[PDB]
Structures are given as structure tokens and as C-alpha cells.
>>> print(open('upload16.cif').read())   # mmCIF, C-alpha atoms and all ligand atoms; chains and numbers go by the auth columns
data_input
loop_
_atom_site.group_PDB
_atom_site.id
_atom_site.type_symbol
_atom_site.label_atom_id
_atom_site.label_comp_id
_atom_site.label_asym_id
_atom_site.label_seq_id
_atom_site.Cartn_x
_atom_site.Cartn_y
_atom_site.Cartn_z
_atom_site.B_iso_or_equiv
_atom_site.auth_seq_id
_atom_site.auth_asym_id
ATOM 1 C CA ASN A 1 93.069 64.977 85.351 0.00 2 I
ATOM 2 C CA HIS A 2 90.729 67.991 85.977 0.00 3 I
ATOM 3 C CA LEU A 3 91.909 70.947 88.093 0.00 4 I
ATOM 4 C CA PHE A 4 88.375 70.726 89.710 0.00 5 I
ATOM 5 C CA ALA A 5 85.271 68.495 89.246 0.00 6 I
ATOM 6 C CA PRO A 6 83.262 69.549 86.163 0.00 7 I
ATOM 7 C CA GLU A 7 79.539 70.182 86.429 0.00 8 I
ATOM 8 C CA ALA A 8 77.863 66.741 85.933 0.00 9 I
ATOM 9 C CA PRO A 9 75.963 66.594 82.608 0.00 10 I
ATOM 10 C CA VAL A 10 72.219 67.471 82.899 0.00 11 I
ATOM 11 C CA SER A 11 70.445 64.118 82.432 0.00 12 I
ATOM 12 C CA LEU A 12 66.726 63.755 81.626 0.00 13 I
ATOM 13 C CA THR A 13 64.623 61.175 83.513 0.00 14 I
ATOM 14 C CA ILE A 14 63.373 58.476 81.063 0.00 15 I
ATOM 15 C CA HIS A 15 59.687 57.514 81.540 0.00 16 I
ATOM 16 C CA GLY A 16 59.450 54.044 83.215 0.00 17 I
ATOM 17 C CA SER A 17 63.297 53.621 83.486 0.00 18 I
ATOM 18 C CA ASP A 18 66.109 54.082 86.099 0.00 19 I
ATOM 19 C CA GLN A 19 68.462 55.262 83.257 0.00 20 I
ATOM 20 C CA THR A 20 68.876 59.004 82.411 0.00 21 I
ATOM 21 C CA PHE A 21 69.475 60.769 79.029 0.00 22 I
ATOM 22 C CA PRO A 22 72.623 62.997 79.216 0.00 23 I
ATOM 23 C CA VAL A 23 72.096 66.366 77.440 0.00 24 I
ATOM 24 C CA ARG A 24 74.671 67.638 74.926 0.00 25 I
ATOM 25 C CA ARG A 25 73.510 70.764 72.996 0.00 26 I
ATOM 26 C CA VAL A 26 70.095 72.479 73.177 0.00 27 I
ATOM 27 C CA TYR A 27 68.682 73.673 69.861 0.00 28 I
ATOM 28 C CA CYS A 28 65.479 75.731 69.692 0.00 29 I
ATOM 29 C CA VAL A 29 63.286 76.518 66.648 0.00 30 I
ATOM 30 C CA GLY A 30 61.800 80.047 66.561 0.00 31 I
ATOM 31 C CA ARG A 31 58.475 80.970 64.858 0.00 32 I
ATOM 32 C CA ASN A 32 57.581 77.319 64.002 0.00 33 I
ATOM 33 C CA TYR A 33 53.755 77.729 64.345 0.00 34 I
ATOM 34 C CA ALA A 34 52.068 80.075 61.792 0.00 35 I
ATOM 35 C CA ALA A 35 49.549 81.375 64.427 0.00 36 I
ATOM 36 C CA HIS A 36 52.459 82.238 66.847 0.00 37 I
ATOM 37 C CA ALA A 37 54.520 83.932 64.029 0.00 38 I
ATOM 38 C CA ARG A 38 51.418 86.110 63.191 0.00 39 I
ATOM 39 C CA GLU A 39 50.756 87.072 66.895 0.00 40 I
ATOM 40 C CA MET A 40 54.453 88.230 67.139 0.00 41 I
ATOM 41 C CA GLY A 41 53.867 90.425 64.006 0.00 42 I
ATOM 42 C CA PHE A 42 55.702 88.164 61.466 0.00 43 I
ATOM 43 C CA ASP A 43 54.568 86.602 58.131 0.00 44 I
ATOM 44 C CA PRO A 44 55.083 82.811 58.269 0.00 45 I
ATOM 45 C CA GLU A 45 54.502 82.513 54.515 0.00 46 I
ATOM 46 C CA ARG A 46 57.427 84.814 53.553 0.00 47 I
ATOM 47 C CA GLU A 47 59.999 84.164 56.282 0.00 48 I
ATOM 48 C CA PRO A 48 61.026 80.709 57.499 0.00 49 I
ATOM 49 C CA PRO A 49 61.669 79.393 61.023 0.00 50 I
ATOM 50 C CA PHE A 50 65.167 79.903 62.608 0.00 51 I
ATOM 51 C CA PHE A 51 67.551 78.330 65.136 0.00 52 I
ATOM 52 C CA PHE A 52 69.015 79.403 68.493 0.00 53 I
ATOM 53 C CA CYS A 53 70.589 77.598 71.471 0.00 54 I
ATOM 54 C CA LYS A 54 70.581 77.345 75.248 0.00 55 I
ATOM 55 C CA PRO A 55 73.305 75.741 77.362 0.00 56 I
ATOM 56 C CA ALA A 56 72.667 72.112 78.476 0.00 57 I
ATOM 57 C CA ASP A 57 72.760 73.448 82.095 0.00 58 I
ATOM 58 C CA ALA A 58 69.731 75.738 81.433 0.00 59 I
ATOM 59 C CA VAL A 59 67.771 72.393 81.121 0.00 60 I
ATOM 60 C CA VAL A 60 65.970 71.497 84.412 0.00 61 I
ATOM 61 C CA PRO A 61 64.384 68.008 84.536 0.00 62 I
ATOM 62 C CA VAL A 62 60.956 67.945 86.315 0.00 63 I
ATOM 63 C CA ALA A 63 59.743 64.486 87.545 0.00 64 I
ATOM 64 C CA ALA A 64 56.111 63.444 86.737 0.00 65 I
ATOM 65 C CA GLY A 65 53.949 64.377 89.789 0.00 66 I
ATOM 66 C CA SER A 66 56.472 67.084 90.907 0.00 67 I
ATOM 67 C CA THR A 67 56.358 70.915 90.560 0.00 68 I
ATOM 68 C CA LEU A 68 59.524 72.910 89.716 0.00 69 I
ATOM 69 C CA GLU A 69 59.971 75.980 91.954 0.00 70 I
ATOM 70 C CA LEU A 70 61.382 78.389 89.332 0.00 71 I
ATOM 71 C CA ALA A 71 62.941 81.686 90.578 0.00 72 I
ATOM 72 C CA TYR A 72 61.791 84.756 88.598 0.00 73 I
ATOM 73 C CA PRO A 73 64.931 85.687 86.571 0.00 74 I
ATOM 74 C CA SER A 74 67.188 88.813 86.848 0.00 75 I
ATOM 75 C CA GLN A 75 67.096 91.829 84.478 0.00 76 I
ATOM 76 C CA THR A 76 63.470 91.298 83.243 0.00 77 I
ATOM 77 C CA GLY A 77 60.002 92.766 83.732 0.00 78 I
ATOM 78 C CA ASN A 78 58.483 90.484 81.006 0.00 79 I
ATOM 79 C CA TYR A 79 59.092 86.766 81.691 0.00 80 I
ATOM 80 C CA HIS A 80 57.304 84.511 79.115 0.00 81 I
ATOM 81 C CA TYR A 81 56.272 80.840 79.166 0.00 82 I
ATOM 82 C CA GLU A 82 56.408 78.917 75.830 0.00 83 I
ATOM 83 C CA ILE A 83 55.204 75.213 75.755 0.00 84 I
ATOM 84 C CA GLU A 84 57.163 73.081 73.195 0.00 85 I
ATOM 85 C CA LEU A 85 57.577 69.482 71.956 0.00 86 I
ATOM 86 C CA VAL A 86 61.199 68.436 72.634 0.00 87 I
ATOM 87 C CA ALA A 87 62.844 65.793 70.449 0.00 88 I
ATOM 88 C CA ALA A 88 65.960 64.027 71.876 0.00 89 I
ATOM 89 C CA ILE A 89 68.692 62.920 69.356 0.00 90 I
ATOM 90 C CA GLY A 90 69.837 59.264 69.732 0.00 91 I
ATOM 91 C CA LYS A 91 71.807 59.030 66.447 0.00 92 I
ATOM 92 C CA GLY A 92 73.971 61.895 65.071 0.00 93 I
ATOM 93 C CA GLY A 93 74.795 62.977 61.499 0.00 94 I
ATOM 94 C CA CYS A 94 75.139 65.756 58.869 0.00 95 I
ATOM 95 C CA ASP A 95 72.732 66.652 56.005 0.00 96 I
ATOM 96 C CA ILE A 96 70.270 63.939 57.206 0.00 97 I
ATOM 97 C CA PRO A 97 67.706 63.055 54.497 0.00 98 I
ATOM 98 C CA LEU A 98 64.028 63.893 55.407 0.00 99 I
ATOM 99 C CA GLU A 99 63.068 60.180 54.936 0.00 100 I
ATOM 100 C CA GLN A 100 65.376 58.919 57.799 0.00 101 I
ATOM 101 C CA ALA A 101 65.408 62.140 59.969 0.00 102 I
ATOM 102 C CA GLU A 102 62.891 60.970 62.652 0.00 103 I
ATOM 103 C CA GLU A 103 64.947 57.727 62.945 0.00 104 I
ATOM 104 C CA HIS A 104 67.632 59.971 64.637 0.00 105 I
ATOM 105 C CA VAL A 105 65.104 60.934 67.401 0.00 106 I
ATOM 106 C CA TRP A 106 65.475 58.596 70.428 0.00 107 I
ATOM 107 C CA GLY A 107 62.523 60.171 72.328 0.00 108 I
ATOM 108 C CA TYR A 108 60.188 63.126 73.109 0.00 109 I
ATOM 109 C CA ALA A 109 59.364 65.281 76.200 0.00 110 I
ATOM 110 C CA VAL A 110 57.260 68.354 77.194 0.00 111 I
ATOM 111 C CA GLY A 111 59.433 71.515 77.461 0.00 112 I
ATOM 112 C CA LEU A 112 59.195 75.225 78.335 0.00 113 I
ATOM 113 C CA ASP A 113 61.311 77.771 76.430 0.00 114 I
ATOM 114 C CA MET A 114 61.259 80.315 79.303 0.00 115 I
ATOM 115 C CA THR A 115 62.084 83.770 77.867 0.00 116 I
ATOM 116 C CA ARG A 116 63.140 87.256 79.164 0.00 117 I
ATOM 117 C CA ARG A 117 60.850 88.702 76.413 0.00 118 I
ATOM 118 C CA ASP A 118 61.855 92.417 77.049 0.00 119 I
ATOM 119 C CA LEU A 119 65.574 91.462 76.558 0.00 120 I
ATOM 120 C CA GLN A 120 64.859 89.154 73.551 0.00 121 I
ATOM 121 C CA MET A 121 62.772 91.883 71.817 0.00 122 I
ATOM 122 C CA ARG A 122 65.454 94.576 72.567 0.00 123 I
ATOM 123 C CA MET A 123 68.170 92.347 70.913 0.00 124 I
ATOM 124 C CA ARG A 124 65.836 91.659 67.893 0.00 125 I
ATOM 125 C CA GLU A 125 65.208 95.457 67.354 0.00 126 I
ATOM 126 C CA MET A 126 69.061 96.075 67.622 0.00 127 I
ATOM 127 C CA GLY A 127 70.021 93.137 65.292 0.00 128 I
ATOM 128 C CA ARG A 128 71.949 91.634 68.247 0.00 129 I
ATOM 129 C CA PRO A 129 72.321 87.999 69.408 0.00 130 I
ATOM 130 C CA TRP A 130 69.431 86.825 71.635 0.00 131 I
ATOM 131 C CA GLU A 131 71.401 84.987 74.397 0.00 132 I
ATOM 132 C CA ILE A 132 70.448 87.429 77.293 0.00 133 I
ATOM 133 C CA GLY A 133 66.725 86.798 76.357 0.00 134 I
ATOM 134 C CA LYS A 134 66.893 83.005 75.563 0.00 135 I
ATOM 135 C CA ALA A 135 70.091 81.408 76.924 0.00 136 I
ATOM 136 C CA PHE A 136 69.777 82.335 80.652 0.00 137 I
ATOM 137 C CA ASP A 137 69.820 80.378 83.959 0.00 138 I
ATOM 138 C CA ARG A 138 67.190 77.560 84.311 0.00 139 I
ATOM 139 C CA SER A 139 65.535 78.761 81.046 0.00 140 I
ATOM 140 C CA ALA A 140 64.521 75.215 79.875 0.00 141 I
ATOM 141 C CA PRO A 141 62.294 73.176 82.212 0.00 142 I
ATOM 142 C CA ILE A 142 61.523 69.714 80.720 0.00 143 I
ATOM 143 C CA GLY A 143 59.510 66.595 81.710 0.00 144 I
ATOM 144 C CA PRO A 144 60.562 62.916 81.584 0.00 145 I
ATOM 145 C CA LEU A 145 61.837 61.651 78.203 0.00 146 I
ATOM 146 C CA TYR A 146 59.431 59.207 76.424 0.00 147 I
ATOM 147 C CA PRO A 147 61.269 56.705 74.139 0.00 148 I
ATOM 148 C CA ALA A 148 60.061 56.448 70.485 0.00 149 I
ATOM 149 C CA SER A 149 60.332 52.663 71.286 0.00 150 I
ATOM 150 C CA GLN A 150 57.228 53.392 73.500 0.00 151 I
ATOM 151 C CA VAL A 151 55.479 56.381 71.775 0.00 152 I
ATOM 152 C CA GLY A 152 56.791 56.072 68.150 0.00 153 I
ATOM 153 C CA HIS A 153 57.239 59.342 66.161 0.00 154 I
ATOM 154 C CA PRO A 154 53.950 61.232 66.617 0.00 155 I
ATOM 155 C CA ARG A 155 52.937 63.671 63.809 0.00 156 I
ATOM 156 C CA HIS A 156 49.601 64.534 65.572 0.00 157 I
ATOM 157 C CA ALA A 157 49.328 65.446 69.321 0.00 158 I
ATOM 158 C CA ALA A 158 47.489 68.205 71.282 0.00 159 I
ATOM 159 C CA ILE A 159 49.948 70.623 73.003 0.00 160 I
ATOM 160 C CA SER A 160 48.590 72.866 75.787 0.00 161 I
ATOM 161 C CA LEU A 161 49.761 75.279 78.525 0.00 162 I
ATOM 162 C CA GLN A 162 47.564 76.481 81.382 0.00 163 I
ATOM 163 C CA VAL A 163 48.450 79.155 83.961 0.00 164 I
ATOM 164 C CA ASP A 164 46.529 79.031 87.290 0.00 165 I
ATOM 165 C CA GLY A 165 43.869 76.732 85.692 0.00 166 I
ATOM 166 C CA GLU A 166 43.370 79.039 82.610 0.00 167 I
ATOM 167 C CA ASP A 167 44.240 77.695 79.111 0.00 168 I
ATOM 168 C CA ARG A 168 46.840 79.996 77.476 0.00 169 I
ATOM 169 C CA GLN A 169 48.151 77.714 74.646 0.00 170 I
ATOM 170 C CA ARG A 170 46.237 74.923 72.843 0.00 171 I
ATOM 171 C CA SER A 171 47.378 73.661 69.408 0.00 172 I
ATOM 172 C CA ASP A 172 48.669 70.430 67.785 0.00 173 I
ATOM 173 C CA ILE A 173 52.280 69.420 66.903 0.00 174 I
ATOM 174 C CA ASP A 174 50.886 68.797 63.344 0.00 175 I
ATOM 175 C CA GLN A 175 50.803 72.684 63.065 0.00 176 I
ATOM 176 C CA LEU A 176 54.699 72.780 63.070 0.00 177 I
ATOM 177 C CA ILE A 177 55.892 74.687 59.918 0.00 178 I
ATOM 178 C CA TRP A 178 59.045 72.495 59.941 0.00 179 I
ATOM 179 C CA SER A 179 57.927 69.065 61.309 0.00 180 I
ATOM 180 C CA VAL A 180 60.320 67.151 63.643 0.00 181 I
ATOM 181 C CA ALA A 181 61.747 65.444 60.484 0.00 182 I
ATOM 182 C CA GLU A 182 62.298 68.777 58.654 0.00 183 I
ATOM 183 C CA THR A 183 63.832 70.484 61.789 0.00 184 I
ATOM 184 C CA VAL A 184 66.317 67.559 62.265 0.00 185 I
ATOM 185 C CA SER A 185 67.258 67.573 58.500 0.00 186 I
ATOM 186 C CA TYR A 186 67.633 71.386 58.375 0.00 187 I
ATOM 187 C CA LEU A 187 69.525 71.705 61.736 0.00 188 I
ATOM 188 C CA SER A 188 71.891 68.957 60.400 0.00 189 I
ATOM 189 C CA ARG A 189 72.891 71.286 57.438 0.00 190 I
ATOM 190 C CA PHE A 190 74.360 73.864 59.948 0.00 191 I
ATOM 191 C CA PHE A 191 75.690 71.555 62.767 0.00 192 I
ATOM 192 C CA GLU A 192 76.682 67.880 63.142 0.00 193 I
ATOM 193 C CA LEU A 193 73.882 66.461 65.348 0.00 194 I
ATOM 194 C CA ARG A 194 75.136 64.047 68.054 0.00 195 I
ATOM 195 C CA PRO A 195 73.516 61.773 70.662 0.00 196 I
ATOM 196 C CA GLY A 196 72.330 63.883 73.653 0.00 197 I
ATOM 197 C CA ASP A 197 71.291 66.909 71.534 0.00 198 I
ATOM 198 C CA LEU A 198 67.762 68.268 72.272 0.00 199 I
ATOM 199 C CA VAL A 199 65.545 70.183 69.822 0.00 200 I
ATOM 200 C CA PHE A 200 62.841 72.504 71.245 0.00 201 I
ATOM 201 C CA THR A 201 60.576 72.590 68.129 0.00 202 I
ATOM 202 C CA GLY A 202 58.926 76.002 68.897 0.00 203 I
ATOM 203 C CA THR A 203 55.772 77.319 70.612 0.00 204 I
ATOM 204 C CA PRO A 204 52.163 77.700 69.386 0.00 205 I
ATOM 205 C CA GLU A 205 50.208 80.997 69.773 0.00 206 I
ATOM 206 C CA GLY A 206 49.111 82.250 73.254 0.00 207 I
ATOM 207 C CA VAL A 207 52.551 83.003 74.824 0.00 208 I
ATOM 208 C CA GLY A 208 52.423 85.507 77.711 0.00 209 I
ATOM 209 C CA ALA A 209 54.021 86.937 80.840 0.00 210 I
ATOM 210 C CA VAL A 210 53.976 84.980 84.090 0.00 211 I
ATOM 211 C CA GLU A 211 54.390 86.622 87.562 0.00 212 I
ATOM 212 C CA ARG A 212 55.782 85.247 90.865 0.00 213 I
ATOM 213 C CA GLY A 213 53.338 82.871 92.622 0.00 214 I
ATOM 214 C CA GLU A 214 51.620 81.747 89.346 0.00 215 I
ATOM 215 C CA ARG A 215 51.583 78.013 88.429 0.00 216 I
ATOM 216 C CA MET A 216 51.969 76.637 84.842 0.00 217 I
ATOM 217 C CA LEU A 217 50.920 73.152 83.575 0.00 218 I
ATOM 218 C CA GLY A 218 51.991 72.035 80.088 0.00 219 I
ATOM 219 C CA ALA A 219 50.980 68.761 78.465 0.00 220 I
ATOM 220 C CA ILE A 220 51.436 66.896 75.181 0.00 221 I
ATOM 221 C CA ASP A 221 49.312 63.817 74.265 0.00 222 I
ATOM 222 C CA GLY A 222 51.223 60.607 75.160 0.00 223 I
ATOM 223 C CA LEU A 223 53.992 62.727 76.867 0.00 224 I
ATOM 224 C CA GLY A 224 52.310 63.550 80.226 0.00 225 I
ATOM 225 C CA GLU A 225 52.597 66.942 81.934 0.00 226 I
ATOM 226 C CA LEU A 226 55.107 69.606 83.115 0.00 227 I
ATOM 227 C CA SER A 227 54.262 71.535 86.368 0.00 228 I
ATOM 228 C CA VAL A 228 56.263 74.750 87.130 0.00 229 I
ATOM 229 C CA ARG A 229 55.540 77.466 89.754 0.00 230 I
ATOM 230 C CA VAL A 230 57.301 80.867 89.490 0.00 231 I
ATOM 231 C CA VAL A 231 58.801 81.984 92.908 0.00 232 I
ATOM 232 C CA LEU A 232 60.863 85.041 94.130 0.00 233 I
ATOM 233 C CA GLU A 233 64.221 86.087 92.580 0.00 234 I
HETATM 234 MN MN MN B . 60.515 78.876 71.791 0.00 1 Z
#
>>> encode(input="upload16.cif", output="C-alpha cells")
Amino acid sequence: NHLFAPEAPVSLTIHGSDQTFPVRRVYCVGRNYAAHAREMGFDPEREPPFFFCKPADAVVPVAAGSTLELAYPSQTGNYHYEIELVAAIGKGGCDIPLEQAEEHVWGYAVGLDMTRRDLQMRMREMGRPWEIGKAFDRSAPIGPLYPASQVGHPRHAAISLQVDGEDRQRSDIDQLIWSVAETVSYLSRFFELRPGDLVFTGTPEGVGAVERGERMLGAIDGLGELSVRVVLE
């Protein structure tokens, strides 16, 4: 008996299906590609990856063959793209063994961890929480969800981001420091994973600023493409 209608849950389109995947929590892995860790001035051999979150309602589903018109955000001069493999949780649990971890992943999609980099870097230098840099409005564009019933659990796949026809990021998901299986196991030590949860597994090297009017195209092998154009605030 709600006082007023809640926000409907953000629901991902599912490739080749009329059914949608309702989003619960949004987990993100930071510094999960050695080359990216190094370009940000960190040592991936002496410090491990780490976890942060975005609200479900920062997730913005983008249909295949469509372009998201994404408003440049408030309170930033330094707005970064980050292409990422997204794993969707179908089966929950705690302290999930590495050997069954990928069995908890219902599907995969192309995602962007859009970032107010100036704000994120200011919070990092002040030892403060990163939410103003990472957990902001429409900060997680994502493509259709591909079921592991279709695409299995890929350990190899090219991951790429182009801006205005220019390659900016090109790596392979097999470069993840914590693989999908490791990230699901380790996340499950700190939180009970549940169906609907998404994991943004981190971004390869080549992250950069994007300005209004510029167009981005991300792709992962087997997972199609993600088209986003940055427009006015
Ligand atoms: Mn990221």
C-alpha cells in the first residue's frame, strides 16, 4: 500500500527475447586491467582490484541499433568513458567457491562506467567515498543482456571503445586481474549476491574525456555494440 508509485525497476533488454532482466544492485570493479592500473599511476602487482557501487537507476538500457543521447553531467569538467564487460547474476549466494562462481552468472552485456573523473580523483586524494564521481545520474549505459545459455561463459573476447571513429580502448576480457569467476567469488565475501545484481568488471587502458557532440561505440565479441552520443547538460 505505497503512499506513491515507486520507480519501476530498471530492466535490461535480453537479446532475442521479449522478457527483461530487472536490476537489483550494481557492483563495479576498479583497476581490474594491469595496463589501466599502470596508466592511472598504480602498481597492479602490489595492490589488488576494489569494489564500488552505482544505483540500479543509474543503469540505462540501450537497444541494439539505437544511440543513447546522454546529457553531459553537472559539476564536472572531466567526463570519462570506460568500456566494461558486465556480468548479470541469476543465482545468489555468499562465499561462492571459484569452481561454481560463473554458474551464478545468467548473462553478459557491454557497459560504460561513465565517470566524473575530476570529482572521483578529488575524493581519492582526500580519502573520501567516490559516489559524486561514480554513482551519479545515468552513469551506467548498457546494451542488451546475452544469456550464458546462448554465449556460455567467455574467458577470451576482444573489448573495444571508439570515439568519433577513433579507437580509444582495445584489449581482451582475458586481461582481467580478477576474472568473472574471481570477481563473483570475492564480491560474495563482502555482500550476499542475489538475482538481478550486475557486476561491471572494470575497464582496460585508454580511458579519456569525452565532450558534448562526440559519439562513442563500445563492443565485446559475441555481445554486440553500445552506441552513446554525449549531448548538452
Ligand atoms: Mn570502471
>>> resolve_selection(input="upload16.cif", expression="the PyMOL selection byres (((chain I and resi 102-105) around 10) and not hetatm)", output="JSON, numbers by chain")
{"I": [88, 89, 90, 91, 92, 93, 94, 96, 97, 98, 99, 100, 101, 106, 107, 108, 149, 153, 154, 155, 180, 181, 182, 183, 184, 185, 186, 187, 189, 194, 195, 196]}
>>> residues_around(input="upload16.cif", residues="residue I:175", least_positions_apart="2", cutoff="6 Å", atoms="all atoms listed in the file", output="list in words")
residues 156, 157, 173 and 177 of chain I
>>> closest_atom_pairs(input="upload16.cif", of="chain I", to="ligand MN 1 (chain Z)", cutoff="8 Å", atoms="only C-alpha atoms and all ligand atoms", output="tab-separated table")
residue	atom	partner	partner_atom	distance
I:29	CA	Z:MN1	MN	6.2
I:30	CA	Z:MN1	MN	6.3
I:31	CA	Z:MN1	MN	5.5
I:32	CA	Z:MN1	MN	7.5
I:83	CA	Z:MN1	MN	5.8
I:84	CA	Z:MN1	MN	7.6
I:85	CA	Z:MN1	MN	6.8
I:113	CA	Z:MN1	MN	7.6
I:114	CA	Z:MN1	MN	4.8
I:115	CA	Z:MN1	MN	7.7
I:116	CA	Z:MN1	MN	8.0
I:201	CA	Z:MN1	MN	6.8
I:202	CA	Z:MN1	MN	7.3
I:203	CA	Z:MN1	MN	4.4
I:204	CA	Z:MN1	MN	5.1
>>> closest_residue(input="upload16.cif", among="I:50, I:78, I:144, I:42", to="residue I:62", atoms="only C-alpha atoms")
I:144
>>> resolve_selection(input="upload16.cif", expression="the PyMOL selection byres (((chain I and resi 212-223) around 10) and not hetatm)", output="PyMOL selection string")
chain I and resi 68-73+78-86+109-113+143-144+147+151-152+155+157-174+210-211+224-234
>>> resolve_selection(input="upload16.cif", expression="the PyMOL selection byres (((chain I and resi 133) around 8) and not hetatm)", output="list in words")
residues 117, 120, 121, 131, 132, 134, 135, 136 and 137 of chain I
>>> atom_distance(input="upload16.cif", atom1="atom CA of residue I:140", atom2="atom CA of residue I:44")
26.6 Å
>>> atom_distance(input="upload16.cif", atom1="atom CA of residue I:199", atom2="atom CA of residue I:27")
4.9 Å
>>> axis_aligned_box(input="upload16.cif", around="stretch 54-67 of chain I", padding_each_side="6 Å", output="AutoDock Vina command-line options")
--center_x 63.6 --center_y 70.5 --center_z 81.2 --size_x 31.4 --size_y 26.2 --size_z 31.4
>>> closest_residue(input="upload16.cif", among="I:40, I:176, I:15, I:61", to="residue I:142", atoms="only C-alpha atoms")
I:61
>>> closest_residue(input="upload16.cif", among="I:188, I:56, I:47, I:8", to="residue I:25", atoms="all atoms listed in the file")
I:56
>>> closest_residue(input="upload16.cif", among="I:13, I:24, I:4, I:36", to="residue I:206", atoms="all atoms listed in the file")
I:36
>>> atom_distance(input="upload16.cif", atom1="atom CA of residue I:122", atom2="atom CA of residue I:46")
21.3 Å
>>> closest_residue(input="upload16.cif", among="I:123, I:129, I:146, I:48", to="residue I:77", atoms="all atoms listed in the file")
I:123
>>> closest_residue(input="upload16.cif", among="I:178, I:9, I:54, I:141", to="residue I:205", atoms="all atoms listed in the file")
I:178
>>> decode(input="upload16.cif", residues="stretch 139-156 of chain I", atoms="N, CA and C atoms", output="tab-separated table (two decimals), in the first residue's frame")
chain	number	residue	atom	x	y	z
I	139	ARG	N	22.49	8.53	-14.58
I	139	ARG	CA	22.64	7.92	-15.93
I	139	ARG	C	24.13	7.63	-16.16
I	140	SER	N	24.80	7.10	-15.15
I	140	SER	CA	26.27	6.88	-15.14
I	140	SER	C	26.60	5.48	-15.65
I	141	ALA	N	25.61	4.66	-16.02
I	141	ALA	CA	25.85	3.26	-16.45
I	141	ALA	C	25.00	2.88	-17.65
I	142	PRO	N	25.32	3.39	-18.86
I	142	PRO	CA	24.75	2.84	-20.09
I	142	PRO	C	25.13	1.36	-20.27
I	143	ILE	N	24.21	0.57	-20.81
I	143	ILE	CA	24.43	-0.88	-21.01
I	143	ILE	C	23.62	-1.37	-22.21
I	144	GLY	N	24.16	-2.34	-22.95
I	144	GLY	CA	23.50	-2.96	-24.11
I	144	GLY	C	22.54	-4.06	-23.67
I	145	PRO	N	21.88	-4.73	-24.64
I	145	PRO	CA	21.11	-5.94	-24.37
I	145	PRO	C	21.91	-7.02	-23.63
I	146	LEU	N	21.20	-7.79	-22.81
I	146	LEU	CA	21.80	-8.86	-21.99
I	146	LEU	C	21.84	-10.15	-22.82
I	147	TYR	N	23.02	-10.73	-23.01
I	147	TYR	CA	23.16	-12.03	-23.74
I	147	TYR	C	23.18	-13.18	-22.74
I	148	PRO	N	22.19	-14.11	-22.78
I	148	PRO	CA	22.22	-15.27	-21.88
I	148	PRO	C	23.44	-16.17	-22.08
I	149	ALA	N	24.02	-16.66	-20.98
I	149	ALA	CA	25.09	-17.69	-21.00
I	149	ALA	C	24.53	-18.99	-21.62
I	150	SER	N	23.20	-19.16	-21.65
I	150	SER	CA	22.55	-20.27	-22.40
I	150	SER	C	22.87	-20.10	-23.89
I	151	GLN	N	23.00	-18.86	-24.39
I	151	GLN	CA	23.43	-18.58	-25.79
I	151	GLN	C	24.97	-18.57	-25.86
I	152	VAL	N	25.64	-17.72	-25.07
I	152	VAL	CA	27.05	-17.28	-25.32
I	152	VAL	C	28.03	-17.99	-24.38
I	153	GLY	N	27.53	-18.87	-23.50
I	153	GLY	CA	28.34	-19.57	-22.48
I	153	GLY	C	28.96	-18.60	-21.48
I	154	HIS	N	30.15	-18.93	-20.97
I	154	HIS	CA	30.92	-18.06	-20.05
I	154	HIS	C	32.26	-17.78	-20.69
I	155	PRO	N	32.36	-16.73	-21.53
I	155	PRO	CA	33.58	-16.47	-22.29
I	155	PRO	C	34.70	-16.01	-21.35
I	156	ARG	N	35.90	-16.56	-21.57
I	156	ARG	CA	37.14	-16.20	-20.84
I	156	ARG	C	38.06	-15.38	-21.75
